[PDB]
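Taking it in order: structure first as structure tokens, then the write-up.
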Number of protein chains: 2
Amino acid sequence: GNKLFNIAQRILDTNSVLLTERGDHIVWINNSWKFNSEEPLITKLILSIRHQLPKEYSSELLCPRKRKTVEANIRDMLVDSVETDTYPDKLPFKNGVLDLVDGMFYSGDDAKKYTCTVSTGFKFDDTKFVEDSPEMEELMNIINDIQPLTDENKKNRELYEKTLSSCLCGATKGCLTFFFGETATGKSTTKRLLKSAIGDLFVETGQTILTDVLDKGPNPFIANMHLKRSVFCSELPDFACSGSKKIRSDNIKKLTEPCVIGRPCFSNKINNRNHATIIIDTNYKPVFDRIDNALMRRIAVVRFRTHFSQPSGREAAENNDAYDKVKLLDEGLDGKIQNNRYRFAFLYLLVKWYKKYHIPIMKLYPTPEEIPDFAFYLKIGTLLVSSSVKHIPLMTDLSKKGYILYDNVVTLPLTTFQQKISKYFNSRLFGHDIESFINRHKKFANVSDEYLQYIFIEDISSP
Amino acid sequence: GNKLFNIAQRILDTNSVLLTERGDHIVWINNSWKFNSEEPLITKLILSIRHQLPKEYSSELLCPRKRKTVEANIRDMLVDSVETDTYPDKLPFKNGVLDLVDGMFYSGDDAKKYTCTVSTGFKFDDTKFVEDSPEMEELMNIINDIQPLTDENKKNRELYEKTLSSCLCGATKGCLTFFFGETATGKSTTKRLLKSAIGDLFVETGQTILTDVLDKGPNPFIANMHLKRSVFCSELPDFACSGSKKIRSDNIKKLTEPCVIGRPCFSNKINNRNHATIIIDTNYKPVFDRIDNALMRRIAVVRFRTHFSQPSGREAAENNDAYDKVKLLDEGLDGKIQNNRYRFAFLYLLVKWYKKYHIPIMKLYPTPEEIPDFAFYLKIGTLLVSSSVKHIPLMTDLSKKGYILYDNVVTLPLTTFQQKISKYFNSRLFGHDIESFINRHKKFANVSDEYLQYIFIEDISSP
Ligand SMILES: Nc1ncnc2c1ncn2[C@@H]1O[C@H](COP(=O)(O)OP(=O)(O)NP(=O)(O)O)[C@@H](O)[C@H]1O
Ligand SMILES: Nc1ncnc2c1ncn2[C@@H]1O[C@H](COP(=O)(O)OP(=O)(O)NP(=O)(O)O)[C@@H](O)[C@H]1O
Ligand SMILES: [Mg+2]
Ligand SMILES: [Mg+2]
């Protein structure tokens with residue numbers, strides 16, 4: 001017997017309550033998986049689901065005490081945990097799940113299988129998710145004005161589209177992108193459009209995650225990034241002025257891993273799942289404490305070169321090398337965006353771009369040619385090679401050059417290498433990094449008399 | 001006769017609820033010892049073990065109030081504590097225990113004897129724990145790519161295999177291992193493979209456990225590594241920048257200890273059992289504040305020297321001496337590893353290596369010669385010998401060599417020692433270390449004090 005135990009068993013047989021690996025219960029209400037840390041929603045689920053039970057059972061669930069008894073039975077019933085958020089190509093809305101590969105929208109038992117514990121926070125509309133509309137035409141004009149379709153902007157616009165499209169995938173991304181451009185160029189407009197499109201999957205944090213350490217004490221700025229599809233940081237503190245802390249390369253490397261280590265206040269959970277595209281919006285180039293290949297593998301840059309100005313400053317801005325086009329500023333555009341006018345138009349654009357750029361594998365690739373800091377470390381790699389075994393027999397002309405054969409390897413001493421490099425670089429501006437490279441790759445081959453085991457490709461190229 | 005007291009006694013007779021020396025109740029549900037400080041599982045167990053009881057006793061357990069009464073009876077019954085996690089060669093799975101010495105898998109009462117309060121978190125498949133498989137061929141190819149089977153890499157690969165297989169032991173490990181290499185060499189791939197293989201017996205922490213003081217206040221980052229069999233802190237912040245604290249030698253010595261002192265938020269337990277093997281993957285060699293013989297006994301290094309590159313960067317990779325072999329990157333490997341494809345193939349490989357390298361006592365040995373910092377102190381020991389009475393009958397020819405005598409002890413003056421060491425050292429970089437050596441071994445003799453009672457091996461051999 002025990003009517004209430006029978007009710008709890010019947011409710012548990014529908015798989016509407018689940019226990020997660022973080023020790024919180026997720027309930028299936030209103031075509032969505034919901035959970036709350038301080039107020040569980042099990043009684044909410046019971047009261048909502050009373051309509052699916054026999055008449056003799058439904059009238060019992062109208063009493064809070066009996067609902068609490070059923071909740072206790074269910075809590076005792078749930079023993080084992082389940083894994084959630086395992087499908088990267090599904091976009092969850094408050095009333096269903098959108099398939100990014102097919103385009104089909106699922107609700108009910110079809111959307112139940114994909115245990116997505118996050119959502120955009122608003123309902124999906126099949127009527128406004130169309131390709132042709134005045135909203136779509138306005139949005140296409142705005143996008144084409146922000147990033148023109150000229151041949152000199154093709155790769156940059158493709159990178160723009162790829163970065164914006166990746167904000168739909170629930171997986172780990174391997175690059176950090178920089179939206180760089182001068183004032184009034186559409187960067188914050190793009191950010192607000194994306195926020196309107198993807199809703200609660202979009203989060204904004206501070207420069208602390210880039211500048212300070214991440215373990216330290218409690219860090220809600222890192223703890224809030226759990227399972228978010230897009231993270232935005234803004235207003236990079238230009239480091240030309242003194243007192244500014246440089247960006248940490250280890251922070252960049254840790255923000256790429258699939259698990260980020262950090263904890264909130266009054267909590268012991270120290271591991272967060274990383275599903276986010278991290279975008280930094282700035283008008284100044286970034287500088288890092290140290291530069292290496294690992295850092296150079298994880299940075300991409302998108303440029304904004306269109307200025308929207310009043311007629312007062314049109315002539316002044318038309319004589320600036322920082323802009324490739326000047327347009328007329330729109331006054332009501334920010335309010336129109338705030339009213340979620342282009343939400344579904346931009347969603348349709350994002351899904352189309354996702355299909356376009358998502359061949360069987362979609363990956364983010366770096367652009368190290370856009371950062372002035374990497375210039376020396378790129379030119380050095382273009383001018384020198386490491387002395388391998390395959391250069392031993394040719395040591396005659398190399399000894400004419402100045403190379404010496406020690407320990408059966410060809411090497412180059414201090415001063416000769418210094419002047420050979422100074423012939424290729426500038427001593428006034430490229431000094432500190434030259435000394436840093438010399439100290440980094442220095443090797444004392446014998447007792448004193450240090451040397452580098454590096455050969456210029458020009459010496460072998462031109463005998 | 002108090003049916004509920006009889007039920008509580010009958011449940012206690014089956015030995016399914018135990019009290020631990022940490023003051024927590026562990027229950028045996030679904031072939032596993034489980035506990036949760038926030039939500040006790042005693043009522044879950046009471047509901048679970050109800051078909052074993054007689055028919056009249058079973059029906060009484062369908063009420064939460066009666067289950068709570070039985071739980072109160074059990075809590076009053078349990079007075080004495082027991083010891084858990086004692087067997088080091090048993091691997092606990094969610095549905096049993098794998099015997100590492102024999103390979104047998106025990107389920108039920110056979111696995112109940114080993115009070116293993118930790119688990120991998122997933123069930124054990126006997127169909128996938130096989131030698132032949134497409135997954136096994138793919139995994140063998142991947143591992144052979146990451147660590148080549150050449151004789152120039154034989155010892156390094158053996159160290160690799162030993163360190164990985166030591167993650168299955170439930171004992172304490174007295175060595176810290178560094179995974180050192182350049183970018184795109186397979187360190188994170190190895191970390192992800194091990195994480196998928198051993199599941200929940202794996203925690204990733206921050207760099208505070210290496211850089212800061214462990215005691216301080218609360219420290220979840222060190223209270224979370226209790227009975228974990230692998231700790232995988234990552235991305236040291238290239239201490240050569242000098243903008244951050246170096247590694248702490250006392251922190252290393254405390255981490256190679258059977259118990260670690262550290263307290264989480266709330267709670268009152270400050271000692272944590274150390275079953276973990278700590279691995280750190282970095283692009284830079286470690287540097288420590290103080291170097292001594294106690295530190296050199298607890299550090300080993302595995303080096304990664306295979307590059308996985310794009311075709312556009314293949315040539316620049318082939319021209320680098322930091323790599324020994326360049327191969328083509330695979331796009332889908334990250335997703336395949338994330339999908340737990342090689343979960344049991346790697347487990348079989350690890351058990352095979354465990355049986356291989358577990359000569360009845362398995363220990364982790366250090367590799368000091370792999371650390372550039374230890375070079376000075378290492379080859380000082382091959383040059384200098386502490387003075388002893390057996391070197392007394394050489395004073396005449398030693399004075400011809402320049403050695404002085406003081407109270408029947410051979411001694412060399414400060415300037416003489418400096419100028420004789422100058423034959424074996426340079427000045428620019430070794431000055432700090434030579435001053436450190438002189439001041440640390442500065443005894444009292446000759447001119448009042450400040451003389452060194454050491455003898456060079458060269459002058460020992462030469463009469
Ligand atoms: N396509 C467009 N056509 C006309 N006006 C536009 C268009 N896009 C944006 N605007 C307007 O131009 C303004 C430019 O501001 P904003 O979008 O913030 O550029 P910004 O790069 O963020 N400036 P800043 O952040 O200081 O570097 C917007 O606030 C709009 O009012
Ligand atoms: N055997 C393999 N064959 C082909 N590709 C591989 C293989 N093993 C790993 N890869 C891929 O090659 C890349 C190497 O990355 P990763 O494993 O992170 O090396 P890494 O040393 O951690 N890079 P870094 O952290 O910057 O030093 C990844 O995209 C892997 O998926
Ligand atoms: Mg802005
Ligand atoms: Mg890595």
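Each chain in the structure tokens gets a letter, A, B, ..., in the order shown, and its residues are numbered from 1; ligands are numbered from 1 in order too.
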
Q: Report as a PyMOL selection string which protein, DNA and RNA residues come within 8 Å of ligand 4, using only C-alpha atoms and all ligand atoms.
A: (chain A and resi 253+257) or (chain B and resi 183-184+186-189+235+281-282)

Could you dump the residues just selected with N, CA, C and O atoms as an mmCIF file, in the first residue's frame?
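This went into again02.cif:
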data_model
loop_
_atom_site.group_PDB
_atom_site.id
_atom_site.type_symbol
_atom_site.label_atom_id
_atom_site.label_comp_id
_atom_site.auth_asym_id
_atom_site.auth_seq_id
_atom_site.Cartn_x
_atom_site.Cartn_y
_atom_site.Cartn_z
ATOM 1 N N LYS A 253 46.937 30.337 -21.041
ATOM 2 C CA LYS A 253 47.025 28.894 -21.245
ATOM 3 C C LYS A 253 46.010 28.129 -20.400
ATOM 4 O O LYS A 253 45.516 27.083 -20.831
ATOM 5 N N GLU A 257 42.127 25.335 -21.306
ATOM 6 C CA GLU A 257 41.898 23.964 -20.881
ATOM 7 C C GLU A 257 40.408 23.695 -20.672
ATOM 8 O O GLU A 257 39.644 24.607 -20.350
ATOM 9 N N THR B 183 55.472 23.055 -27.099
ATOM 10 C CA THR B 183 54.056 23.063 -27.430
ATOM 11 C C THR B 183 53.711 21.924 -28.381
ATOM 12 O O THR B 183 54.511 21.531 -29.232
ATOM 13 N N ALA B 184 52.496 21.399 -28.222
ATOM 14 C CA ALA B 184 51.967 20.330 -29.063
ATOM 15 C C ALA B 184 52.870 19.098 -29.024
ATOM 16 O O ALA B 184 53.411 18.654 -30.035
ATOM 17 N N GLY B 186 51.913 16.415 -26.454
ATOM 18 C CA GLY B 186 51.118 15.327 -25.922
ATOM 19 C C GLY B 186 50.951 15.291 -24.420
ATOM 20 O O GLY B 186 50.409 14.309 -23.902
ATOM 21 N N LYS B 187 51.385 16.328 -23.703
ATOM 22 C CA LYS B 187 51.251 16.331 -22.249
ATOM 23 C C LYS B 187 49.788 16.403 -21.826
ATOM 24 O O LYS B 187 49.337 15.628 -20.971
ATOM 25 N N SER B 188 49.024 17.321 -22.420
ATOM 26 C CA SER B 188 47.606 17.415 -22.096
ATOM 27 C C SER B 188 46.838 16.203 -22.601
ATOM 28 O O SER B 188 45.855 15.793 -21.978
ATOM 29 N N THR B 189 47.269 15.618 -23.720
ATOM 30 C CA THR B 189 46.651 14.382 -24.189
ATOM 31 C C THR B 189 46.848 13.256 -23.184
ATOM 32 O O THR B 189 45.915 12.498 -22.899
ATOM 33 N N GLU B 235 50.884 24.175 -15.517
ATOM 34 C CA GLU B 235 51.194 25.515 -16.019
ATOM 35 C C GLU B 235 51.860 26.388 -14.949
ATOM 36 O O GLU B 235 51.289 27.356 -14.443
ATOM 37 N N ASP B 281 52.823 19.440 -15.731
ATOM 38 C CA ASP B 281 53.216 19.594 -17.126
ATOM 39 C C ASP B 281 53.532 21.057 -17.403
ATOM 40 O O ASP B 281 52.724 21.939 -17.098
ATOM 41 N N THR B 282 54.704 21.307 -17.982
ATOM 42 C CA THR B 282 55.197 22.667 -18.135
ATOM 43 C C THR B 282 56.005 22.779 -19.416
ATOM 44 O O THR B 282 56.465 21.781 -19.974
#

Q: Mind running a least-squares superposition of chain B onto chain A over all the C-alpha atoms, in order, and reading off the RMSD?
A: 0.8 Å

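Applying a distance limit of 6 Å to only C-alpha atoms, the residues of chain B near chain A read residues 44, 183, 206, 220, 237, 319, 320, 321 and 426 of chain B.
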
Q.
ligand 1: which residues are within 8 Å, counting only C-alpha atoms and all ligand atoms? Reply as an MDAnalysis selection string.
A. chainID A and resid 141:146 181:190 235 281:283 304 307:309 327:334

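Taking only C-alpha atoms into account, residue 299 in chain A lies nearest to A:371 out of the set A:19, A:247, A:371, A:240.
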
Q: Run DSSP on the backbone and grab whatever in range 303-463 of chain A lands in alpha helix (DSSP H); send it over as a PyMOL selection string.
A: chain A and resi 314-317+333-338+343-357+375-383+395-401+414-424+431-441+457-461

Q: Using CA of residue 152 in chain B and CA of residue 193 in chain B as the two end points, give the distance in Å to one decimal.
A: 24.7 Å

Q: Considering only C-alpha atoms, return as a list in words whatever protein or nucleic-acid residues lie within 12 Å of residue 201 in chain A, sequence-local ones (same chain, fewer than 6 positions apart) excluded.
A: residues 91, 92, 93, 94, 116, 117, 118, 119, 120, 121, 122, 167, 168, 169, 170, 194, 195, 224, 225, 226, 227, 228, 229, 230, 231, 232, 275, 276 and 277 of chain A

Q: Can you pull out every residue within 10 Å of residue 350 in chain A, counting only C-alpha atoms, but drop anything in the same chain fewer than 4 positions away, and send it as a PyMOL selection string?
A: chain A and resi 161-162+164-168+194+197-198+344-346+354-356

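Non-sequential neighbours of residue 424 in chain B (distance at most 10 Å, separation of 3 or more positions within a chain, only C-alpha atoms) are residues 447 and 448 of chain A; 380, 383, 419, 420 and 421 of chain B.
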
Can I get the selection written as an mmCIF file, in the first residue's frame, with C-alpha atoms?
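The new file again_29.cif reads:
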data_model
loop_
_atom_site.group_PDB
_atom_site.id
_atom_site.type_symbol
_atom_site.label_atom_id
_atom_site.label_comp_id
_atom_site.auth_asym_id
_atom_site.auth_seq_id
_atom_site.Cartn_x
_atom_site.Cartn_y
_atom_site.Cartn_z
ATOM 1 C CA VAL A 447 84.640 25.836 -19.949
ATOM 2 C CA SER A 448 83.718 29.482 -20.606
ATOM 3 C CA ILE B 380 80.547 20.036 -6.743
ATOM 4 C CA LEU B 383 85.155 17.592 -7.100
ATOM 5 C CA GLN B 419 91.295 30.900 -7.212
ATOM 6 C CA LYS B 420 91.419 27.091 -7.360
ATOM 7 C CA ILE B 421 87.663 26.922 -8.003
#

Q: Find the distance between CA of residue 63 in chain A and CA of residue 25 in chain A and write it in Å to one decimal.
A: 22.0 Å

Q) Hey, what's within 12 Å of residue 416 in chain A if we count only C-alpha atoms and toss same-chain stuff fewer than 5 positions away? As a list in words, please? A) residues 401, 402, 403, 404, 411, 421, 422, 423, 450, 451, 452 and 455 of chain A

Next, dump the selected residues to file, keeping only N, CA and C atoms, as a CSV table (one decimal), in the first residue's frame.
chain,number,residue,atom,x,y,z
A,401,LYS,N,83.0,31.6,-42.8
A,401,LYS,CA,82.1,32.6,-42.3
A,401,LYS,C,82.4,33.0,-40.9
A,402,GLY,N,82.7,32.0,-40.0
A,402,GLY,CA,83.0,32.3,-38.6
A,402,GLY,C,82.5,31.2,-37.7
A,403,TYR,N,81.8,30.2,-38.2
A,403,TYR,CA,81.3,29.1,-37.4
A,403,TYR,C,82.5,28.2,-36.9
A,404,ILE,N,82.4,27.7,-35.7
A,404,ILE,CA,83.4,26.8,-35.1
A,404,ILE,C,82.7,25.5,-34.8
A,411,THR,N,78.7,25.8,-34.3
A,411,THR,CA,78.2,26.8,-33.4
A,411,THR,C,78.8,28.2,-33.7
A,421,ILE,N,73.5,39.5,-36.1
A,421,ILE,CA,72.1,39.8,-35.9
A,421,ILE,C,71.8,41.3,-35.9
A,422,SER,N,72.7,42.1,-35.4
A,422,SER,CA,72.6,43.6,-35.5
A,422,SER,C,72.5,44.1,-36.9
A,423,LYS,N,73.2,43.4,-37.8
A,423,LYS,CA,73.0,43.7,-39.2
A,423,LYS,C,71.6,43.5,-39.7
A,450,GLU,N,81.2,30.9,-24.3
A,450,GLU,CA,79.8,30.4,-24.7
A,450,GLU,C,79.5,30.7,-26.1
A,451,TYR,N,78.5,30.0,-26.7
A,451,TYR,CA,78.1,30.1,-28.1
A,451,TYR,C,76.7,29.7,-28.3
A,452,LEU,N,76.1,30.0,-29.4
A,452,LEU,CA,74.8,29.6,-29.8
A,452,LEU,C,74.9,28.5,-30.9
A,455,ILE,N,72.3,28.6,-36.8
A,455,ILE,CA,72.9,28.9,-38.1
A,455,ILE,C,71.9,29.8,-38.9

**Q.** All strand (DSSP E or B) positions in range 308-337 of chain B, as an NGL selection string
**A.** :B and (308-309 or 326-328)

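Distances from B:280, B:316, B:392, B:41 to ligand 2 were compared using only C-alpha atoms and all ligand atoms, and the smallest one belongs to B:280.
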
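Here CA of residue 367 in chain A and CA of residue 157 in chain A stand 13.6 Å from one another.
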
Q.
Which residues are near residue 136 in chain A? Cut-off 10 Å, only C-alpha atoms, ignore same chain within fewer than 2 positions. Put them as a ChimeraX atom specification.
A. /A:128-134,138-142,341-346,348-349

Just the selected residues (N, CA, C and O atoms), exported as a short mmCIF file (atom, residue, chain, number, x, y, z; two decimals), in the first residue's frame, please.
data_model
loop_
_atom_site.label_atom_id
_atom_site.label_comp_id
_atom_site.auth_asym_id
_atom_site.auth_seq_id
_atom_site.Cartn_x
_atom_site.Cartn_y
_atom_site.Cartn_z
N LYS A 128 9.28 33.77 -36.11
CA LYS A 128 10.29 34.79 -36.33
C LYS A 128 11.65 34.22 -36.73
O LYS A 128 12.57 35.00 -36.98
N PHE A 129 11.79 32.90 -36.79
CA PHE A 129 13.03 32.26 -37.22
C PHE A 129 13.02 32.01 -38.72
O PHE A 129 13.11 30.88 -39.19
N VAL A 130 12.90 33.10 -39.48
CA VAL A 130 12.76 33.02 -40.93
C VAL A 130 13.89 33.79 -41.59
O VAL A 130 14.55 34.64 -40.98
N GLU A 131 14.12 33.48 -42.87
CA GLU A 131 15.23 34.06 -43.61
C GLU A 131 14.90 35.43 -44.19
O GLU A 131 15.80 36.26 -44.34
N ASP A 132 13.64 35.68 -44.52
CA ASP A 132 13.23 36.92 -45.17
C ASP A 132 12.29 37.70 -44.26
O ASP A 132 11.24 37.19 -43.86
N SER A 133 12.67 38.94 -43.94
CA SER A 133 11.88 39.85 -43.11
C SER A 133 12.53 41.23 -43.08
O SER A 133 13.74 41.35 -43.34
N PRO A 134 11.77 42.29 -42.79
CA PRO A 134 12.40 43.61 -42.64
C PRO A 134 13.46 43.66 -41.56
O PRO A 134 14.47 44.35 -41.72
N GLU A 138 17.32 44.83 -42.26
CA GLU A 138 18.01 45.83 -41.45
C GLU A 138 19.27 45.26 -40.83
O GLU A 138 20.33 45.91 -40.82
N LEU A 139 19.19 44.04 -40.29
CA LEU A 139 20.35 43.44 -39.65
C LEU A 139 21.46 43.17 -40.65
O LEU A 139 22.64 43.37 -40.34
N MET A 140 21.12 42.70 -41.85
CA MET A 140 22.13 42.47 -42.87
C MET A 140 22.82 43.77 -43.26
O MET A 140 24.04 43.80 -43.44
N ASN A 141 22.05 44.85 -43.39
CA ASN A 141 22.67 46.14 -43.68
C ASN A 141 23.62 46.56 -42.56
O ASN A 141 24.73 47.03 -42.82
N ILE A 142 23.21 46.38 -41.30
CA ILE A 142 24.05 46.77 -40.17
C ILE A 142 25.35 45.96 -40.17
O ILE A 142 26.44 46.49 -39.97
N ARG A 341 15.02 43.41 -30.97
CA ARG A 341 14.41 43.44 -32.29
C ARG A 341 15.06 42.43 -33.23
O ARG A 341 14.37 41.72 -33.98
N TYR A 342 16.39 42.34 -33.22
CA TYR A 342 17.14 41.50 -34.15
C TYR A 342 17.56 40.17 -33.53
O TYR A 342 18.50 39.54 -34.01
N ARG A 343 16.86 39.74 -32.49
CA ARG A 343 17.25 38.53 -31.77
C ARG A 343 17.20 37.30 -32.67
O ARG A 343 18.21 36.60 -32.84
N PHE A 344 16.07 37.07 -33.33
CA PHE A 344 15.93 35.86 -34.13
C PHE A 344 16.57 36.00 -35.50
O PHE A 344 17.01 35.00 -36.07
N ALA A 345 16.66 37.22 -36.03
CA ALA A 345 17.41 37.42 -37.27
C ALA A 345 18.89 37.09 -37.06
O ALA A 345 19.50 36.38 -37.86
N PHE A 346 19.47 37.59 -35.96
CA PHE A 346 20.86 37.28 -35.68
C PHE A 346 21.04 35.82 -35.31
O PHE A 346 22.08 35.23 -35.63
N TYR A 348 19.31 33.34 -36.67
CA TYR A 348 19.32 32.65 -37.96
C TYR A 348 20.65 32.83 -38.67
O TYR A 348 21.19 31.87 -39.25
N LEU A 349 21.20 34.04 -38.63
CA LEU A 349 22.51 34.28 -39.22
C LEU A 349 23.57 33.41 -38.55
O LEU A 349 24.42 32.81 -39.24
#
